[PDB]
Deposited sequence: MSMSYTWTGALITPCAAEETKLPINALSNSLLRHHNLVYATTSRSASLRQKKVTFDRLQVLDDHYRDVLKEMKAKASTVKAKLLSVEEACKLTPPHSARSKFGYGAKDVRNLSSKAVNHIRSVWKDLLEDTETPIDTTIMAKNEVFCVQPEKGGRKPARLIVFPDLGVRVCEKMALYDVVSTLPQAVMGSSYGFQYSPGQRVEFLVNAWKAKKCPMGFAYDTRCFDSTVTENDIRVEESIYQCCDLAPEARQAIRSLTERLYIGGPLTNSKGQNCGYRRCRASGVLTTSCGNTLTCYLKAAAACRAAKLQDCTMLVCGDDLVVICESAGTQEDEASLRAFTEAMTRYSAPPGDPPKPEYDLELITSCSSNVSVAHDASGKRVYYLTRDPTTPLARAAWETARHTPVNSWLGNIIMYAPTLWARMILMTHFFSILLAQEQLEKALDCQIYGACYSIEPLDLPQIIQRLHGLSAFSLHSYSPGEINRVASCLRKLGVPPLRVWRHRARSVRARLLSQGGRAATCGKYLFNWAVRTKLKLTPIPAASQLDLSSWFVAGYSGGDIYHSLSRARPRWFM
């Protein structure tokens, strides 16, 4: 069946930000027929996944618990209330949510309406290898339905993926634990080989049968009878597909693939990608596989069988993935150095701590993080990706020298150091105090994140080159600015002095002794690395 059918009505509007002007180019790419052929390997992996899902007991969330996970700036309902009303448990909001819930229990078939929109995402104007990327498309149901999804499935999508996939489930790890997991898996092989597998338009490759297969996994949980019906109804009325309405309320088309803006997008994609990849590992006869899956992003670390044998096994993996309706964008390449693998735009790199010990960390090309940080400072945004970047890429040369220096200088100048910020980190939105950054960094990356030095020449060159092309002052200017920020922070005492001491020890010759931060343990990060919620409309204060 077609991933999408279109009526002809346009997807109307809500360095460079993507707009609805490029939506037709994205519609062309994501529209195609899916061919799917299943085999014994697929069926065996599925049964194994279901036997693990059978150990899960999931709870139904109350209206209040579901309302309190709603982000403050979540899209307004068409039924006369917004995210603020949901969060305050207003009578209008709650009564509409209860009626949506009852309708899910009573109506098992009627397709639920969704809104289709072009995303406004910032990318950097690079006229070199290729041109601008068209806008990504977001498909989401009404606010009342989103609250109901949380009631039925929040506990499922938060608990089931780790129970089913174990150590392969990518969202359970902090950046420090992810690097450790990867390095240990790499070291455990006699002769390691690794590859990233990039599916072309993953969301469109997800068939109606794939979505029913996901439901079959959720249905293995011990569930309240209303949760069982709500999941059943949501699968048929929303998850498998449905009508698409534009921002002007016009009938836009019909979807028969994954909706990007539903609670199950991340969980469903991870489970589907994992099922297809684990079965393809068996078809390709890959030896001693370690997989790591984050939605459609997949990496396999295995035992090498030789140069030509590895090339042949990867061709067989791709053929199996293609039969499962997951063909690649670029064909996978075998890598024999862990640093050469790029997944989720990131790679593992090497540095040394204060003692000279070799430490590993995840990095990425800083162009998009810097362009996005520049965009957000230039235009007032409710969500700020720069803080997420400082947190997730804290050990990197670029997050420390540029991002920390620049934003702490702004916060000092504005006297806003104490002000909590809403920051979108991948999936879930969090309210974070910048003065808590040293404690957060220590917990996610370890104490070594404040003492890394002796970065790789290739990493240094990528940062320096990125600064030049974007018109950003060189690293020496950042060192000078960091020394002033550091001095101003220390002079303030308290948490500000802790920021000055730990975040900017790199900027001074006479270095301070960085001991474990006292505050660190008491920090509540219990809901940080549980599960993925990208497109799932999730908020944590």
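Residues of the deposited sequence that lack C-alpha coordinates fall in the stretches 1, 16 to 37, 565 to 574.
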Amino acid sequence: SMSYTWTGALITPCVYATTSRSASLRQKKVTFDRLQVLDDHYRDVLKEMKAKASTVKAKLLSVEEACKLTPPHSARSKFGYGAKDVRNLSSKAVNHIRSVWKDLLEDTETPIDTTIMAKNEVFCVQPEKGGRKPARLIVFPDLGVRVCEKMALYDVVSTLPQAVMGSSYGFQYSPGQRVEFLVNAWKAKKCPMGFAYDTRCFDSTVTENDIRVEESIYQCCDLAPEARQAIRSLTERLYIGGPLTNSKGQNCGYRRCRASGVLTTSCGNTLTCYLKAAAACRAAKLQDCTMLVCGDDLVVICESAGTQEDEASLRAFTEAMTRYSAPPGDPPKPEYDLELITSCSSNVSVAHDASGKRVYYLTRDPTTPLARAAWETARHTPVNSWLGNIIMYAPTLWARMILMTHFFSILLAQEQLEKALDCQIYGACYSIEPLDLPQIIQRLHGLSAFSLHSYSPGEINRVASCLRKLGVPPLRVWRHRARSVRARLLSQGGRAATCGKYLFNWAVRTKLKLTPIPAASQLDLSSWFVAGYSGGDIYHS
From here on, numbers count along this sequence of modelled residues.
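In this text, the rigid core denotes the largest set of C-alpha atoms whose superposition between the two forms falls within 1.5 Å.
Between 421 to 429 and 69 to 77, the larger root mean square Cα shift in 8 other deposited structures of this protein, once each structure is superposed on the rigid core, falls on 421 to 429. The stretch that strays farther, by root mean square C-alpha distance over structures and residues in 8 other deposited structures of this protein after a rigid core fit, is 375 to 383, when 307 to 315 is set against 375 to 383. Of the other structures of this protein that model both sides of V15, a third or more give it no coordinates. Averaged over Cα atoms, the B-factor as recorded in the entry is higher for 72 to 80 than for the other of 72 to 80 and 437 to 445.
The PDB entry records a higher mean C-alpha B factor for 127 to 135 than for its counterpart among 99 to 107 and 127 to 135. Going by the entry's values, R87 shows the largest Cα B-factor out of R146, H406, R87, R178. As recorded in the PDB entry, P516 shows the highest C-alpha B-factor of the residues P516, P474, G500, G494. Ranked within its chain, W386 lands in the middle third, by CA B factor from the PDB record. Annotation for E65: C-alpha temperature factor in the highest third relative to the rest of the modelled chain, per the entry. For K333, the recorded CA temperature factor ranks within the middle third of the chain's modelled residues. Ranked by Cα temperature factor within the chain, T31 sits in the middle third according to the deposited record. Compared with the other modelled residues of the chain, the Cα B-factor recorded for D296 ranks in the lowest third.
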